[PDB]
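In the deposited numbering, the protein residues as written are 19 to 266.
Quick reminder that beta carbons are idealized off the backbone N, C-alpha and C, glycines included.
Below you'll find the structure, written out as structure tokens, and then a few comments.
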């Protein structure tokens, strides 16, 4: 394996380091600009308590928050997103996109609203949660993996459960496969590569969350926990602790 880009925050002391990035000085591992009017500590906070405990490859996890001010560029959807800052060829050939996600019951994401998570700008693949369409119902509490907007896999999204994911993307063939595990277990392929328009410039993977509005549902704080975010090529690391760490 080979890590093309590391988004595990290991060289950051706190989320304040995200402020070092700017269009005129694109330093660090993440572009930080898709957020609301408040300071970064309103939206992103790092702590060892916010990561998958089995992931010894990540020192701290990030709590990503949507609050009443999480609106970017005058849009009506709430968003707090980080984009990889890299020169690596993360959008060519076969690449694996990793991330671990967890929600708690406190400030839990609203099941009445659609959330788009860890999505590419064209939305060719992403996770989704909440009430998407039709009548409200049992499916609204599901965490789903979508390709071209169509759900290909889903699972009940329980509190305190860490979901480890790797999108297996072949940008040459235009296919995306899904690797997943919960907790400390190794990633296994749960959906063979699915065909879709995989078009990306490499500066368009949104690590974070977008939540659509829904009539009659006011904003309340929503917290999402993330760890183990990185991109690798040539060989998938199935260990949730990442490359170079002992396998749990």
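Sequence-distant residues of its chain with Cβ nearer than 8 Å to residue i (five each side left out)
i: residue 41; result: 51
i: residue 254; result: 19, 114, 184, 186, 197 and 205
i: residue 262; result: 75
i: residue 177; result: 121, 122, 123 and 126
i: residue 66; result: 77, 78 and 79
i: residue 179; result: 120, 200 and 201
Beta-carbon proximity of residue i to residue j, cut-off 8 Å
i: residue 244; j: residue 79; result: yes
i: residue 116; j: residue 265; result: no
i: residue 84; j: residue 27; result: no
i: residue 252; j: residue 20; result: yes
i: residue 151; j: residue 162; result: no
i: residue 70; j: residue 32; result: no
i: residue 242; j: residue 218; result: no
i: residue 216; j: residue 142; result: yes
i: residue 258; j: residue 202; result: yes
i: residue 99; j: residue 228; result: yes
i: residue 87; j: residue 59; result: no
i: residue 101; j: residue 48; result: yes
Three-state class that DSSP yields for residue i in the structure shown
i: residue 37; result: helix
i: residue 65; result: strand
i: residue 157; result: helix
i: residue 60; result: helix
i: residue 168; result: strand
i: residue 132; result: coil
i: residue 254; result: coil
i: residue 206; result: strand
i: residue 147; result: strand
i: residue 188; result: strand
i: residue 76; result: coil
i: residue 226; result: strand
i: residue 173; result: strand
i: residue 249; result: strand
i: residue 19; result: coil
i: residue 179; result: coil
i: residue 113; result: strand
i: residue 102; result: strand
i: residue 54; result: coil
i: residue 139; result: coil
Contact set for residue i: own chain, Cβ-Cβ below 6 Å, skip 5 residues either direction
i: residue 199; result: 182 and 205
i: residue 267; result: A question about residue 267 goes unanswered here, because the residues of the chain that appear run from 19 up to 266.
i: residue 220; result: 108 and 109
i: residue 61; result: 53, 83 and 98
Reference residue i; option with closest CA among the options
i: residue 222; options: 139, 246, 261 and 161; result: 139
i: residue 240; options: 104, 121, 261 and 114; result: 121
i: residue 212; options: 246, 153 and 168; result: 168
i: residue 125; options: 104, 82, 36 and 145; result: 82
i: residue 103; options: 260, 224 and 256; result: 224
i: residue 207; options: 214, 256 and 144; result: 256
i: residue 22; options: 246, 145, 105 and 260; result: 105
i: residue 214; options: 179, 144, 34 and 260; result: 144
Contacting residues, own chain, Cβ-Cβ under 7 Å from residue i (five flanking each side not counted)
i: residue 148; result: 127, 128, 129, 130, 131, 132, 133 and 158
i: residue 90; result: 52, 53, 54 and 97
i: residue 30; result: 64
i: residue 45; result: 38 and 39
i: residue 210; result: 195
i: residue 175; result: 121, 147, 159, 160 and 161
Measuring CB atoms only, is the region 68-84 touching the region 190-197, in the sense that at least three cross pairs come out at less than 8 Å? no
Taking 8 Å as the cut-off, does the region 104-116 touch the region 229-237 (at least 3 CB pairs, one atom from each stretch)? no
Closer than 8 Å is the cut-off here; do at least three beta carbon pairs connect the region 85-97 with the region 156-165? no
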